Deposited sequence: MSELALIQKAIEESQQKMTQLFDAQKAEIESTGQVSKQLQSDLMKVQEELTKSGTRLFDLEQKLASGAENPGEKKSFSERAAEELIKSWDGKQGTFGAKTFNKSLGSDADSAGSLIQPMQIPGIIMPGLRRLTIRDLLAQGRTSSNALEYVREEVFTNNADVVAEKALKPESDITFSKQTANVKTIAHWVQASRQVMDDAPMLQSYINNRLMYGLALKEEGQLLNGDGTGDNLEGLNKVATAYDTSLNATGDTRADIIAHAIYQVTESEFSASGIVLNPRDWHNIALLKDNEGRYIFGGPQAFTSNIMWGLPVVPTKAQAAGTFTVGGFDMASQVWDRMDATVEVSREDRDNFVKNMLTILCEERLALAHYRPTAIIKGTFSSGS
């Protein structure tokens, strides 16, 4: 049990103001988040060299590099934790993992690769071929054309990324008699469109969509060497008599075939 190992080595290491555990990856098996769409890799080096494939729609090749960058998230806890072991375990849970997942989800989608940032999916992605658009298309038809444009890369699509307002407008969309185009409220099964998972995320700017062969075209490389640390600490954030629980991990993103990721905007 990850949370019981974590709680045990924190209380065993705590000196009275600092404690630590070696949580080698937070990723299980190494809504959906952006990192659940991508492939996973494991590394002992701070930099990675890889061969990118460029497609003409033939194959050409080039050397690329990715450097490991650090992602960190923290929560404040009652100082009653850290002698009560099963209270500590109830903080090392789904909210601590979901907070870190929302932090990497912004770097993997949007990052401009200079300085402290990762290289983002939206930076490398191919432009949507608007010549596919036809009279009578809905915004749902524009996604169905983008799923086709992925196939020019040899690979096939595996997920869709949207802003939460655009997914709300798409799902409530109505045919001319006053009937839902997804079918009525008791039917459709949350975040699915044309049989692919949707990731509706705040990182995706409004009016923008992204669809791609994410399980094949790109890979998250995890440095291992992730940690949970706990401290008594001074800050501008209600530090009266509290602990801060901090967890952090080191990642890189390798884009093997950027023709298999399509970025577009809706016309309206």
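(message) Against the full deposited sequence, which stretches does the structure leave out?
(response) Deposited residues absent from the model fall in 1 to 75, 106 to 130, 158 to 172, 384 to 385.
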